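**Student:** Have a look at this one.
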Amino acid sequence: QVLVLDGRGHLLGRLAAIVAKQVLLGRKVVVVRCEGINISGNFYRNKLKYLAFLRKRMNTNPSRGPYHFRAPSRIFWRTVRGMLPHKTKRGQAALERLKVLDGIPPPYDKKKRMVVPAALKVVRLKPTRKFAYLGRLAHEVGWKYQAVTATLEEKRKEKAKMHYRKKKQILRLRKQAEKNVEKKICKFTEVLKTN
Amino acid sequence: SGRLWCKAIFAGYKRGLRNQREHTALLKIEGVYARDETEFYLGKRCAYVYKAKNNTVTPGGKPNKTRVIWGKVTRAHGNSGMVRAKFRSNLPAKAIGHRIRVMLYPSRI
Amino acid sequence: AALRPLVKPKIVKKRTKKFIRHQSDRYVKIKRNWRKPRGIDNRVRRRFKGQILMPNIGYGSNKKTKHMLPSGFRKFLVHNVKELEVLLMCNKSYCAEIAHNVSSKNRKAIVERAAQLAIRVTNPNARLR
Amino acid sequence: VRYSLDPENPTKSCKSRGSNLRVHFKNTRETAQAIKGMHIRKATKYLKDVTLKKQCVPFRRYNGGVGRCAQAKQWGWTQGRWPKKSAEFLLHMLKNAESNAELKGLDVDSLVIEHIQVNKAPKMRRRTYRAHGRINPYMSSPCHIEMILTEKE
Amino acid sequence: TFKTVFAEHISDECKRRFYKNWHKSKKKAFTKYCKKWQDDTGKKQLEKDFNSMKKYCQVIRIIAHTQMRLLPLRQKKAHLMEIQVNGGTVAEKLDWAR
RNA sequence: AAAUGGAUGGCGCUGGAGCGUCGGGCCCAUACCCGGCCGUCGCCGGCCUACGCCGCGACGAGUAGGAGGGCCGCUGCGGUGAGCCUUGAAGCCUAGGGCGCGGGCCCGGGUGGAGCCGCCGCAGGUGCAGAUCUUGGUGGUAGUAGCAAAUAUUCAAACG
RNA sequence: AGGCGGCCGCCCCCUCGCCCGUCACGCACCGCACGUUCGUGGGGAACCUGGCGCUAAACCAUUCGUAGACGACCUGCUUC
Ligand SMILES: [Mg+2]
Ligand SMILES: [Mg+2]
Ligand SMILES: [Mg+2]
Ligand SMILES: [Mg+2]
Ligand SMILES: [Mg+2]
Ligand SMILES: [Mg+2]
Ligand SMILES: [Mg+2]
Ligand SMILES: [Mg+2]
Ligand SMILES: [Mg+2]
Ligand SMILES: [Mg+2]
Ligand SMILES: [Mg+2]
Ligand SMILES: [Mg+2]
Ligand SMILES: [Mg+2]
Ligand SMILES: [Mg+2]
Ligand SMILES: [Mg+2]
Ligand SMILES: [Mg+2]
Ligand SMILES: [Mg+2]
Ligand SMILES: [Mg+2]
Ligand SMILES: [Mg+2]
Ligand SMILES: [Mg+2]
């Protein structure tokens, strides 16, 4: 009943629009690994845009004003909130369906991740265009947990490597068993109706 | 046993930008994402099923907390497989983003 | 076992709500009765969207079902037994309604006469102990 | 006479009333709302402690510019006071309630204040001499009080 | 905060910190927690807690309290405070603390 | 290059969600077409309250202003209802039922305790949301400001 | 931001739990809806029964002043 969408390789707005449209329908969406979301344009251009956004702030009381977030997950959350009607009760109720998270936590490392090809940088941008990584962009402005994020990502990748090796061994054994039991299993129906 | 209806979500009523029409509702049925695929669901009955605190009589069995609003598919909507519907009574605004089961009672093929 | 009227169609109402006077909710000195707003810059007079509705001739109900009760009869007010026998020929479409100032002693006589004449009464078995 | 929220068991209930008595209606309302739903002994003890400033009466509805006390934490509120005149008036009313219960033959120990209502009274007037030779009203706010006592067990 | 392991015998001078009213209280703090150091099963549980901390925890801090008895003040309530240990290895910092 | 932080409407968009030329679909106005209902006008139809009863067609916005209808409402008078009422009049209240597009009205229930209303005409000191409107009453402010010009009170007892 | 899954040794037992064929039965409700599901769903007040364990802490009052406009905050009480 949930949609676990990977974050790496997807464009910021191209993915956020799809998530904002899918949340208003009722599907609970969880965007994992938000530090890999790419943004079109020059990295210095995106940095200048983010700094111009940071400059905007209430004069009389900055604490009671625009709350600028530094984590890339919170950046993506604010981007989706900018498209959702958050000032109405429908948008307020839909905002809990979206779960933006940095890294791949225990509740989501075992779940298979989905990829939306309509937001992938490979098909969205030309191979000669410049892009900026949201993780580096956030780390350059008031983000401190990039090192531990990368360390935990390395750990979970080294674990998933062994898991995939085990799965590949199981697949090899399955293919060997299929090739071994040739008799007693005709299954001409499977071939005539093509699996 | 097993489900005998298609799944559809209520996105909103038929509306422009600064006005709504509560008599006609829009449905996003799962599996249909094109205009050439919604011709099968034209005329199919639809049911918005919810629960209340006072049990009401049911056609089969003892009274239950279940209450259903009936309607049917009128025509298609757009090119993205969205469909239209008109119920006996207009859908409540709280049903936006919830499920209306599309039956297969009126069968043509 | 109520008295069956003549044939009756499904009465449809153009508007089921009663028209509310403008700004009658903010001030309790303003009665619920409708008054035509004649302001030079009022929203209701020029019919802005989202405002209250103004009653016009368009909301007029059908002449075939006008003044018809949900039971299917048309009420006629009576005071004594003399003004009850006049509804003898119109018992199938018109029905009787006893006045409010009629005493309980003279009300039961009207009820008995209506039951004898087979005339529908909108307020039967009223003010009984 | 006429009472609001008459008791369902008139044989196990006793009523008390005071009319046109000179206290502040607001302080009387606060102390009555604080004392409602309490046994007679506990109510007497609480009023005797309020008179000596041992535990505040929380001002919830009429609390404009009311200084906060430390003893109001028991009521989950921050603003409390010690209205002595209303305390002694409600004590005098509870005495008449106990007397009526004894006359009716009820158990005083099991009596609880299930209902107590206070409302405004006709205001008496005086005049105040202000600047530039102006006269302003100086009005009192007396209140009518009523209470019903019923045995809990 | 991953885990916290307290000592076996905690003096009342330090236990006074966990109470707002020391006179009305019954001094029942850490009565059942001290039984873990006496029970062999509790000792095994504390040892597995230490073993899990050695592997998972990265920043080690030590909780210490002052001795108001030696001071001329009449407070008698010790101030508990955490001090981060900046030793070489996380595995040896736990040994140095234990 | 301009002074509060900030405006392709915002989010955002770069194999386009930008610019130029275009194609096929799709979205909706009180606009158009079909149909129901209400009113006006025109043409009328019948020897069924003729001031009534039908039929067809076309049109309905509107300040200032001009007309027509009201079986909308208030008071009093002349007729009339063999009118209603101490087995309960007027008045007041009501999560009750219901009518009229509307002004308003009918009934049920609870108070109330002595008059009232329908129809046909007549005459008005006849309909209120305002006028720094008149009189009377009541709220927020608010148990707030304020009980501070001229040195100062304390102990014990009695009547209560 | 961890708790379900795998392995091995037994436990009350088990070779119609799977695919094809075969004789015979059952709410065959007489054309109809809200049917079938993670529901031993979440939350709150109690009722009858078994086994294992628990016997407090806050606020008020009082005191302190490292703090106080009032609240608040820093402190003490033991019969040695
Ligand atoms: Mg900072
Ligand atoms: Mg104008
Ligand atoms: Mg205020
Ligand atoms: Mg004050
Ligand atoms: Mg002040
Ligand atoms: Mg003077
Ligand atoms: Mg911009
Ligand atoms: Mg037109
Ligand atoms: Mg016009
Ligand atoms: Mg009249
Ligand atoms: Mg009476
Ligand atoms: Mg009299
Ligand atoms: Mg006048
Ligand atoms: Mg007025
Ligand atoms: Mg004025
Ligand atoms: Mg007067
Ligand atoms: Mg005033
Ligand atoms: Mg003051
Ligand atoms: Mg003076
Ligand atoms: Mg004396």
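Every chain in the structure tokens takes a letter, A first, then B, and so on in the order presented; its residues are numbered from 1, and the ligands are numbered from 1 following the presented order.
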Pull out every residue of chain E that has at least one atom within 10 Å of chain G, counting only C-alpha atoms (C1' of nucleotides), and report them as a ChimeraX atom specification.

**Tutor:** /E:19-28,73-77

**Student:** Output as a list in words all residues of stretch 31-171 of chain A that backbone DSSP marks as strand (DSSP E).

**Tutor:**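 Across stretch 31-171 of chain A, those assigned strand (DSSP E) are residues 31, 32, 38, 39, 40, 99, 100, 131, 132 and 133 of chain A.
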
**Student:** Using only C-alpha atoms (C1' of nucleotides) and all ligand atoms, which protein or nucleic acid residues are at most 12 Å from ligand 16, as number ranges by chain?

**Tutor:** F: 135-137

**Student:** May I have the residues from that selection written out with N, CA, C and O atoms (P, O5', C5', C4', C3', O3' and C1' of nucleotides), as a PDB file, in the first residue's frame?

**Tutor:**
```pdb
ATOM      1  P     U F 135     -31.928  61.242  24.706  1.00  0.00           P
ATOM      2  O5'   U F 135     -33.040  60.273  25.305  1.00  0.00           O
ATOM      3  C5'   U F 135     -34.209  60.794  25.921  1.00  0.00           C
ATOM      4  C4'   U F 135     -35.165  59.691  26.299  1.00  0.00           C
ATOM      5  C3'   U F 135     -34.570  58.554  27.115  1.00  0.00           C
ATOM      6  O3'   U F 135     -34.477  58.850  28.496  1.00  0.00           O
ATOM      7  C1'   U F 135     -35.828  57.661  25.329  1.00  0.00           C
ATOM      8  P     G F 136     -33.235  58.303  29.354  1.00  0.00           P
ATOM      9  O5'   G F 136     -33.550  56.754  29.540  1.00  0.00           O
ATOM     10  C5'   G F 136     -34.686  56.329  30.279  1.00  0.00           C
ATOM     11  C4'   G F 136     -34.932  54.850  30.119  1.00  0.00           C
ATOM     12  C3'   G F 136     -33.753  53.939  30.413  1.00  0.00           C
ATOM     13  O3'   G F 136     -33.554  53.710  31.796  1.00  0.00           O
ATOM     14  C1'   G F 136     -34.761  53.279  28.388  1.00  0.00           C
ATOM     15  P     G F 137     -32.085  53.368  32.352  1.00  0.00           P
ATOM     16  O5'   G F 137     -31.834  51.867  31.885  1.00  0.00           O
ATOM     17  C5'   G F 137     -32.667  50.813  32.347  1.00  0.00           C
ATOM     18  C4'   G F 137     -32.460  49.547  31.554  1.00  0.00           C
ATOM     19  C3'   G F 137     -31.047  48.990  31.536  1.00  0.00           C
ATOM     20  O3'   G F 137     -30.721  48.265  32.708  1.00  0.00           O
ATOM     21  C1'   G F 137     -31.910  48.992  29.344  1.00  0.00           C
TER      22        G F 137
END
```

**Student:** Dump as an MDAnalysis selection string the residues of chain A that approach chain F to within 8 Å, counting only C-alpha atoms (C1' of nucleotides).

**Tutor:** chainID A and resid 13 40:41 55:59 79:83 123:126 129

**Student:** Would you export the selected residues with N, CA and C atoms as an mmCIF file, in the first residue's frame, please?

**Tutor:**
```cif
data_model
loop_
_atom_site.group_PDB
_atom_site.id
_atom_site.type_symbol
_atom_site.label_atom_id
_atom_site.label_comp_id
_atom_site.auth_asym_id
_atom_site.auth_seq_id
_atom_site.Cartn_x
_atom_site.Cartn_y
_atom_site.Cartn_z
ATOM 1 N N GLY A 13 12.260 18.857 -9.218
ATOM 2 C CA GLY A 13 10.881 19.193 -9.530
ATOM 3 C C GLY A 13 10.168 18.101 -10.302
ATOM 4 N N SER A 40 19.007 20.254 -12.237
ATOM 5 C CA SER A 40 19.551 20.759 -13.488
ATOM 6 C C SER A 40 20.212 22.117 -13.282
ATOM 7 N N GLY A 41 21.133 22.449 -14.181
ATOM 8 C CA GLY A 41 21.853 23.706 -14.122
ATOM 9 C C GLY A 41 23.200 23.562 -13.442
ATOM 10 N N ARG A 55 18.563 34.544 1.828
ATOM 11 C CA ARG A 55 18.552 35.968 2.154
ATOM 12 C C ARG A 55 17.161 36.448 2.548
ATOM 13 N N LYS A 56 16.115 35.829 2.007
ATOM 14 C CA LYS A 56 14.750 36.240 2.312
ATOM 15 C C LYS A 56 14.384 35.812 3.727
ATOM 16 N N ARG A 57 13.968 36.774 4.548
ATOM 17 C CA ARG A 57 13.729 36.537 5.964
ATOM 18 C C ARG A 57 13.007 37.741 6.548
ATOM 19 N N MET A 58 12.087 37.488 7.479
ATOM 20 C CA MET A 58 11.367 38.576 8.126
ATOM 21 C C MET A 58 12.330 39.469 8.898
ATOM 22 N N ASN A 59 12.135 40.781 8.771
ATOM 23 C CA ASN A 59 13.073 41.739 9.346
ATOM 24 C C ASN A 59 12.851 41.921 10.843
ATOM 25 N N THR A 79 9.759 21.414 -1.216
ATOM 26 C CA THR A 79 9.434 21.500 -2.637
ATOM 27 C C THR A 79 8.082 20.863 -2.931
ATOM 28 N N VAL A 80 7.793 19.723 -2.302
ATOM 29 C CA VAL A 80 6.502 19.068 -2.507
ATOM 30 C C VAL A 80 5.387 19.866 -1.837
ATOM 31 N N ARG A 81 5.686 20.478 -0.689
ATOM 32 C CA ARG A 81 4.689 21.286 0.004
ATOM 33 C C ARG A 81 4.334 22.533 -0.792
ATOM 34 N N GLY A 82 5.291 23.079 -1.541
ATOM 35 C CA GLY A 82 5.007 24.204 -2.414
ATOM 36 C C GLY A 82 3.997 23.903 -3.501
ATOM 37 N N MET A 83 3.865 22.637 -3.899
ATOM 38 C CA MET A 83 2.855 22.222 -4.860
ATOM 39 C C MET A 83 1.588 21.691 -4.211
ATOM 40 N N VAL A 123 16.993 10.627 -19.074
ATOM 41 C CA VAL A 123 16.038 10.931 -20.131
ATOM 42 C C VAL A 123 15.560 12.377 -20.096
ATOM 43 N N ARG A 124 15.805 13.101 -19.003
ATOM 44 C CA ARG A 124 15.320 14.473 -18.914
ATOM 45 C C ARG A 124 16.330 15.474 -19.462
ATOM 46 N N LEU A 125 17.613 15.287 -19.167
ATOM 47 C CA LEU A 125 18.643 16.241 -19.544
ATOM 48 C C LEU A 125 19.571 15.648 -20.595
ATOM 49 N N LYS A 126 20.104 16.523 -21.444
ATOM 50 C CA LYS A 126 21.100 16.106 -22.413
ATOM 51 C C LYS A 126 22.381 15.681 -21.696
ATOM 52 N N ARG A 129 24.634 18.578 -20.484
ATOM 53 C CA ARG A 129 24.135 19.581 -19.557
ATOM 54 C C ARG A 129 24.737 19.387 -18.171
#
```

**Student:** Please find the residues of chain D near chain G - the criterion being any atom within 8 Å, counting only C-alpha atoms (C1' of nucleotides) - and write them as a compact mmCIF listing (two decimals) with N, CA and C atoms, in the first residue's frame.

**Tutor:**
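Output file selection_9.txt is given in full below:
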```
# COMPACT_ATOMS: atom_id res chain seq x y z
N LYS D 54 -4.81 29.31 52.40
CA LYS D 54 -4.07 28.05 52.36
C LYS D 54 -4.14 27.37 51.01
N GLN D 55 -5.08 27.75 50.15
CA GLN D 55 -5.19 27.19 48.81
C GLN D 55 -6.05 28.12 47.96
N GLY D 67 -3.71 38.42 39.45
CA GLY D 67 -2.36 37.96 39.75
C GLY D 67 -2.33 36.46 39.99
N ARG D 68 -1.29 35.82 39.47
CA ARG D 68 -1.13 34.38 39.61
C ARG D 68 -0.54 34.02 40.96
N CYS D 69 -1.01 32.92 41.53
CA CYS D 69 -0.52 32.41 42.80
C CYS D 69 0.15 31.06 42.59
N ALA D 70 0.85 30.60 43.63
CA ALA D 70 1.54 29.32 43.56
C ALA D 70 0.64 28.15 43.94
N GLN D 71 -0.42 28.40 44.71
CA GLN D 71 -1.30 27.34 45.18
C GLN D 71 -2.38 26.97 44.17
N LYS D 73 -1.74 25.44 41.35
CA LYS D 73 -1.30 24.29 40.58
C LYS D 73 -2.16 23.06 40.82
N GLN D 74 -2.85 22.98 41.96
CA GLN D 74 -3.74 21.85 42.20
C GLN D 74 -4.91 21.83 41.23
```

**Student:** Taking only C-alpha atoms (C1' of nucleotides) and all ligand atoms into account, which residues have an atom no farther than 10 Å from ligand 10? I'd like them as a list in words.

**Tutor:**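 Within the 10 Å cut-off, the matching residues are residues 71, 72, 73, 74, 105, 117 and 118 of chain F.
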
**Student:** Keeping N, CA and C atoms (P, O5', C5', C4', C3', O3' and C1' of nucleotides) for every residue in the selection just given, could you write it to a file as a PDB file, in the first residue's frame?

**Tutor:**
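Output file part-v6.pdb follows:
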```pdb
ATOM      1  P     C F  71     -55.214  40.619  -2.244  1.00  0.00           P
ATOM      2  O5'   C F  71     -55.797  39.433  -1.357  1.00  0.00           O
ATOM      3  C5'   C F  71     -55.304  39.197  -0.043  1.00  0.00           C
ATOM      4  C4'   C F  71     -54.773  37.794   0.118  1.00  0.00           C
ATOM      5  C3'   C F  71     -53.734  37.360  -0.915  1.00  0.00           C
ATOM      6  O3'   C F  71     -52.773  36.512  -0.285  1.00  0.00           O
ATOM      7  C1'   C F  71     -55.581  35.890  -0.987  1.00  0.00           C
ATOM      8  P     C F  72     -51.200  36.726  -0.541  1.00  0.00           P
ATOM      9  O5'   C F  72     -50.949  38.276  -0.261  1.00  0.00           O
ATOM     10  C5'   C F  72     -51.288  38.863   0.988  1.00  0.00           C
ATOM     11  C4'   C F  72     -50.090  38.982   1.893  1.00  0.00           C
ATOM     12  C3'   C F  72     -50.346  39.629   3.244  1.00  0.00           C
ATOM     13  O3'   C F  72     -50.922  38.745   4.189  1.00  0.00           O
ATOM     14  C1'   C F  72     -48.419  40.580   2.282  1.00  0.00           C
ATOM     15  P     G F  73     -52.013  39.289   5.233  1.00  0.00           P
ATOM     16  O5'   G F  73     -51.203  40.317   6.142  1.00  0.00           O
ATOM     17  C5'   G F  73     -50.161  39.868   6.996  1.00  0.00           C
ATOM     18  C4'   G F  73     -49.426  41.021   7.632  1.00  0.00           C
ATOM     19  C3'   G F  73     -50.271  42.000   8.430  1.00  0.00           C
ATOM     20  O3'   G F  73     -50.593  41.532   9.726  1.00  0.00           O
ATOM     21  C1'   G F  73     -48.805  43.198   7.026  1.00  0.00           C
ATOM     22  P     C F  74     -51.948  42.015  10.438  1.00  0.00           P
ATOM     23  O5'   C F  74     -51.632  43.508  10.894  1.00  0.00           O
ATOM     24  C5'   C F  74     -50.630  43.778  11.863  1.00  0.00           C
ATOM     25  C4'   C F  74     -50.694  45.207  12.337  1.00  0.00           C
ATOM     26  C3'   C F  74     -52.084  45.755  12.611  1.00  0.00           C
ATOM     27  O3'   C F  74     -52.587  45.369  13.878  1.00  0.00           O
ATOM     28  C1'   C F  74     -50.853  47.323  11.341  1.00  0.00           C
ATOM     29  P     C F 105     -47.939  37.194   9.519  1.00  0.00           P
ATOM     30  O5'   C F 105     -48.774  35.918   9.063  1.00  0.00           O
ATOM     31  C5'   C F 105     -49.937  36.059   8.260  1.00  0.00           C
ATOM     32  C4'   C F 105     -50.346  34.744   7.648  1.00  0.00           C
ATOM     33  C3'   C F 105     -50.557  33.599   8.623  1.00  0.00           C
ATOM     34  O3'   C F 105     -51.814  33.648   9.272  1.00  0.00           O
ATOM     35  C1'   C F 105     -49.244  32.848   6.814  1.00  0.00           C
ATOM     36  P     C F 117     -58.026  41.424  15.790  1.00  0.00           P
ATOM     37  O5'   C F 117     -58.420  40.344  14.688  1.00  0.00           O
ATOM     38  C5'   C F 117     -57.543  39.272  14.376  1.00  0.00           C
ATOM     39  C4'   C F 117     -58.265  38.156  13.662  1.00  0.00           C
ATOM     40  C3'   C F 117     -58.846  38.499  12.300  1.00  0.00           C
ATOM     41  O3'   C F 117     -57.883  38.461  11.262  1.00  0.00           O
ATOM     42  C1'   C F 117     -60.466  37.354  13.579  1.00  0.00           C
ATOM     43  P     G F 118     -58.142  39.259   9.892  1.00  0.00           P
ATOM     44  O5'   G F 118     -59.072  38.281   9.047  1.00  0.00           O
ATOM     45  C5'   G F 118     -58.595  37.015   8.615  1.00  0.00           C
ATOM     46  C4'   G F 118     -59.656  36.249   7.866  1.00  0.00           C
ATOM     47  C3'   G F 118     -60.323  36.986   6.714  1.00  0.00           C
ATOM     48  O3'   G F 118     -59.553  36.958   5.525  1.00  0.00           O
ATOM     49  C1'   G F 118     -61.973  35.947   8.050  1.00  0.00           C
TER      50        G F 118
END
```

**Student:** So which one's closest to ligand 18, D:76, D:142, D:65, D:122? Using only C-alpha atoms and all ligand atoms, please.

**Tutor:**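 Looking only at the distances to ligand 18, the closest residue turns out to be D:65.
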
**Student:** Might you pull out every residue within 12 Å of residue A:142, with only C-alpha atoms (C1' of nucleotides) counted and same-chain residues fewer than 3 positions away left off, and present them as JSON, numbers by chain?

**Tutor:** {"A": [50, 51, 54, 68, 69, 70, 71, 72, 135, 136, 137, 138, 139, 145, 146]}

**Student:** Can I get the selection written as a compact mmCIF listing (two decimals), in the first residue's frame, with N, CA, C and O atoms?

**Tutor:**
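Saved as part-v8.txt:
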```
# COMPACT_ATOMS: atom_id res chain seq x y z
N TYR A 50 19.93 29.12 -3.99
CA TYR A 50 19.64 28.77 -2.60
C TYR A 50 20.07 29.89 -1.65
O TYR A 50 19.42 30.13 -0.63
N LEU A 51 21.17 30.58 -1.97
CA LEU A 51 21.60 31.69 -1.12
C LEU A 51 20.64 32.87 -1.23
O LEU A 51 20.37 33.55 -0.24
N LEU A 54 17.90 31.98 0.95
CA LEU A 54 18.28 32.17 2.34
C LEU A 54 18.22 33.64 2.75
O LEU A 54 17.88 33.95 3.89
N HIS A 68 14.12 28.19 6.87
CA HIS A 68 14.98 27.59 5.86
C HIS A 68 15.56 26.30 6.40
O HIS A 68 16.20 26.29 7.46
N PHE A 69 15.35 25.21 5.68
CA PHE A 69 15.86 23.90 6.07
C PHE A 69 17.17 23.62 5.35
O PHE A 69 17.39 24.05 4.23
N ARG A 70 18.04 22.87 6.03
CA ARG A 70 19.36 22.54 5.50
C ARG A 70 19.49 21.11 5.03
O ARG A 70 20.38 20.81 4.23
N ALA A 71 18.63 20.20 5.50
CA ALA A 71 18.73 18.82 5.06
C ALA A 71 18.08 18.65 3.69
O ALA A 71 17.07 19.28 3.40
N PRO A 72 18.65 17.79 2.83
CA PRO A 72 18.05 17.61 1.50
C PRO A 72 16.68 16.95 1.54
O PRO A 72 15.83 17.25 0.69
N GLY A 135 22.73 16.47 -2.32
CA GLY A 135 23.51 16.17 -1.13
C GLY A 135 24.66 17.14 -0.93
O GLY A 135 24.83 17.72 0.15
N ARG A 136 25.47 17.34 -1.97
CA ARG A 136 26.58 18.29 -1.88
C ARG A 136 26.07 19.71 -1.71
O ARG A 136 26.64 20.49 -0.94
N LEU A 137 25.00 20.07 -2.42
CA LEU A 137 24.45 21.42 -2.31
C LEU A 137 23.99 21.70 -0.88
O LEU A 137 24.20 22.81 -0.37
N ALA A 138 23.37 20.72 -0.23
CA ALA A 138 22.93 20.92 1.15
C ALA A 138 24.11 20.91 2.11
O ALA A 138 24.15 21.72 3.05
N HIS A 139 25.07 20.01 1.90
CA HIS A 139 26.24 19.97 2.78
C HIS A 139 27.02 21.28 2.74
O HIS A 139 27.60 21.68 3.75
N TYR A 145 25.69 16.15 8.52
CA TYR A 145 25.62 14.70 8.65
C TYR A 145 25.92 13.98 7.34
O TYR A 145 25.56 12.81 7.17
N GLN A 146 26.61 14.65 6.41
CA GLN A 146 26.95 14.00 5.15
C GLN A 146 27.93 12.86 5.36
O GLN A 146 27.82 11.81 4.70
```

**Student:** Find the residues around residue D:116 up to 9 Å (only C-alpha atoms (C1' of nucleotides) counted), leave out those fewer than 5 positions away in its own chain, and share them as a list in words.

**Tutor:**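 Residues near the query, excluding close chain neighbours: residues 32, 33, 35, 36, 37, 145, 146, 147, 148 and 149 of chain D.
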
**Student:** Kindly export the residues of the current selection with C-alpha atoms, as a short mmCIF file (atom, residue, chain, number, x, y, z; two decimals), in the first residue's frame.

**Tutor:**
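Below you can see part_5.cif, which holds the result:
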```cif
data_model
loop_
_atom_site.label_atom_id
_atom_site.label_comp_id
_atom_site.auth_asym_id
_atom_site.auth_seq_id
_atom_site.Cartn_x
_atom_site.Cartn_y
_atom_site.Cartn_z
CA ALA D 32 -18.87 28.30 43.24
CA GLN D 33 -17.37 26.71 40.13
CA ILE D 35 -16.58 24.19 45.01
CA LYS D 36 -19.06 22.40 42.74
CA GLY D 37 -18.83 18.62 42.94
CA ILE D 145 -27.05 32.01 44.68
CA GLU D 146 -28.73 28.61 44.83
CA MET D 147 -27.46 25.13 45.65
CA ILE D 148 -28.75 21.55 45.79
CA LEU D 149 -27.32 18.90 48.12
#
```

**Student:** Using DSSP secondary structure from the backbone, list all helix (DSSP H, G or I) positions within stretch 2-147 of chain D, as a PyMOL selection string.

**Tutor:** chain D and resi 10-12+25-35+40-51+71-75+84-104

**Student:** All residues within 9 Å of ligand 20 are required, counting only C-alpha atoms (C1' of nucleotides) and all ligand atoms; please report them as a list in words.

**Tutor:** residues 158, 159 and 160 of chain F

**Student:** Go ahead and write the selection's residues with N, CA, C and O atoms (P, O5', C5', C4', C3', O3' and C1' of nucleotides) as a PDB file, in the first residue's frame.

**Tutor:**
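The file below, part-v7.pdb, is the result:
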```
ATOM      1  P     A F 158     -11.736  41.468  78.355  1.00  0.00           P
ATOM      2  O5'   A F 158     -12.922  42.517  78.517  1.00  0.00           O
ATOM      3  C5'   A F 158     -13.303  42.996  79.797  1.00  0.00           C
ATOM      4  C4'   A F 158     -14.156  44.233  79.685  1.00  0.00           C
ATOM      5  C3'   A F 158     -15.369  44.110  78.777  1.00  0.00           C
ATOM      6  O3'   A F 158     -16.471  43.500  79.426  1.00  0.00           O
ATOM      7  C1'   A F 158     -14.203  46.101  78.268  1.00  0.00           C
ATOM      8  P     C F 159     -17.403  42.461  78.633  1.00  0.00           P
ATOM      9  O5'   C F 159     -18.460  43.391  77.893  1.00  0.00           O
ATOM     10  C5'   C F 159     -19.183  44.380  78.609  1.00  0.00           C
ATOM     11  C4'   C F 159     -19.809  45.384  77.677  1.00  0.00           C
ATOM     12  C3'   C F 159     -20.638  44.803  76.543  1.00  0.00           C
ATOM     13  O3'   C F 159     -21.950  44.450  76.944  1.00  0.00           O
ATOM     14  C1'   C F 159     -19.174  46.445  75.684  1.00  0.00           C
ATOM     15  P     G F 160     -22.637  43.125  76.354  1.00  0.00           P
ATOM     16  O5'   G F 160     -22.651  43.374  74.783  1.00  0.00           O
ATOM     17  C5'   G F 160     -22.718  42.286  73.875  1.00  0.00           C
ATOM     18  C4'   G F 160     -22.345  42.710  72.480  1.00  0.00           C
ATOM     19  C3'   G F 160     -22.113  41.583  71.488  1.00  0.00           C
ATOM     20  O3'   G F 160     -23.313  41.054  70.954  1.00  0.00           O
ATOM     21  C1'   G F 160     -20.337  43.122  71.340  1.00  0.00           C
TER      22        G F 160
END
```

**Student:** I'd like the neighbourhood of stretch 23-33 of chain C as a list in words, where a residue qualifies if any of its atoms comes within 12 Å (using only C-alpha atoms (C1' of nucleotides)), though same-chain residues fewer than 6 positions away should be ignored.

**Tutor:**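 Returned residues: residues 42, 43, 44, 51, 52 and 55 of chain C; 72, 102, 103, 104, 128 and 129 of chain F.
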
**Student:** Residues contacting ligand 18 - anything with an atom at most 10 Å away, using only C-alpha atoms (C1' of nucleotides) and all ligand atoms - can you give me those as a list in words?

**Tutor:**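 Taking only C-alpha atoms (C1' of nucleotides) and all ligand atoms into account, the residues around ligand 18 at most 10 Å away are residues 65, 66 and 67 of chain D; 143, 144, 145 and 146 of chain F.
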
**Student:** Using only C-alpha atoms (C1' of nucleotides) and all ligand atoms, find each protein or nucleic acid residue lying at most 12 Å from ligand 11; present the set as a PyMOL selection string.

**Tutor:** chain F and resi 86-88+110-113

**Student:** Got a sec to pull out which chain B residues are within 10 Å of chain G, counting only C-alpha atoms (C1' of nucleotides), and send them as a short mmCIF file (atom, residue, chain, number, x, y, z; two decimals) with C-alpha atoms, in the first residue's frame?

**Tutor:**
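Output (part25.cif):
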```cif
data_model
loop_
_atom_site.label_atom_id
_atom_site.label_comp_id
_atom_site.auth_asym_id
_atom_site.auth_seq_id
_atom_site.Cartn_x
_atom_site.Cartn_y
_atom_site.Cartn_z
CA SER B 1 -14.64 -15.53 -2.71
CA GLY B 2 -12.22 -12.98 -4.12
CA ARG B 3 -12.76 -9.39 -5.21
CA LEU B 4 -15.41 -8.86 -7.90
CA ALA B 47 -20.49 2.12 -5.23
CA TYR B 48 -19.04 4.39 -2.53
CA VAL B 49 -19.07 2.24 0.61
CA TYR B 50 -18.51 3.72 4.08
CA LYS B 51 -19.37 2.98 7.70
CA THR B 56 -28.93 0.18 8.82
CA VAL B 57 -30.82 -2.64 7.13
CA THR B 58 -29.04 -4.55 4.37
CA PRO B 59 -30.64 -6.44 1.45
CA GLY B 60 -28.97 -9.65 2.64
CA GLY B 61 -28.46 -10.49 6.29
CA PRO B 63 -28.39 -4.83 9.76
CA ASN B 64 -24.83 -3.53 9.51
CA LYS B 65 -22.92 -0.27 9.97
CA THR B 66 -22.28 -0.21 6.21
CA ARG B 67 -23.85 2.49 4.03
CA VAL B 68 -23.37 2.72 0.27
CA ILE B 69 -23.99 5.48 -2.27
CA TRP B 70 -24.77 4.13 -5.74
CA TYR B 105 -23.11 -5.59 -13.07
#
```
